[PDB]
Each structure stands twice: as structure tokens, then as C-alpha cells.
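One chain is shown next in C-alpha cells, namely the form deposited in one PDB entry.
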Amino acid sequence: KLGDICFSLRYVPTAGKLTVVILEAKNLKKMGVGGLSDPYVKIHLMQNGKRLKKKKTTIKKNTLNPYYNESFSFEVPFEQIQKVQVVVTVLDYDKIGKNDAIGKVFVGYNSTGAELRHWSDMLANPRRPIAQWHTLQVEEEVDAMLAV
């Protein structure tokens, strides 16, 4: 209905290196009245309702099923990795106007369901990259869970 996003997570406790690889999205909802779907993905590191770091992928043109294979890394010490969130948002890009979020998901502290499972798998397996699909959710709901 909104679409799905596949990404991998890897955590290296000694270095405090958290790596997120945005692999692909599928079944994306088309936004706006007309035009084309030009999706990109934002990755935010959060704690206590604050965005600590922001990263984003390149923009793919005219697709509801983009592939990215783009890697991003964050510095999160092992004493703090259980208390952060990684937020993944898919948006429709236009050079004019605020880009509409298609949907988003977060993993980490306070996550649930398949999102918590993905994070728990990462923590249980240091240095192992773990890829999983996630269902995108409306930003209204995800943002309410992330706010303080």
C-alpha cells in the first residue's frame, strides 16, 4: 500500500561503527496528482527525539521499484547503540516544493515487530551484515513514536 524498503544493518562494537546499506524499495505509492515517481531515501540517526545525523541516497527517476545499493555509516559507541534509532524514509523528489514522504520506518530503541527483530539480529551478531525487508508506514505515526 505505501511500499516496502530493503536495507542491511551491521554493527561493529569495538569500533562503534553502524553501517546501513539501502538496497532497494518496491511497490511504492505514487504521490501528487500527476508527474513521475522520483524516489530517494533519507537515513537519520536519532536519540531522544533529536536527529543527530542525516544522510540520503541518490535520486532514481521514474520508478516505483528503485534499486540503490548505497552504504552509509554512523559512529555509535557500544554503550549507546541500544539507545539510538535509525530512521529510513522514502520520499518523492521534485526540484520545486517540499518533497513528499511516501513512508518511513525506524529500527532500534523503542522499535517493535519486524523492526525490533532486525535490530536485535544486528546486535546479536557483531560484524554480520543482516538484510531485511520492512513495510513503510505513514510518517504521522512513525514521527509520533520518535518524538519526545
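Numbers follow the displayed sequence, beginning with 1.
This protein has a second form, the form deposited with a partner chain bound, left out of what is shown; the following refers to that one.
- Among residues of the shown chain, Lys56 is one whose heavy atoms approach the partner chain to within 4.5 Å in the deposited bound form.
- Although the partner is absent here, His118 lies well away from the partner chain in the deposited bound form, with no heavy atom inside 4.5 Å.
- For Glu70, a non-hydrogen atom is located within 4.5 Å of the partner chain in the deposited bound form, even though that partner is not displayed.
- Contact between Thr135 and the partner chain in the deposited bound form is not found at the 4.5 Å heavy atom cutoff.
- Only one segment in the set 119 to 127, 103 to 111, 23 to 31, 48 to 56 has residues whose heavy atoms sit within 4.5 Å of the partner chain in the deposited bound form; it is 48 to 56.
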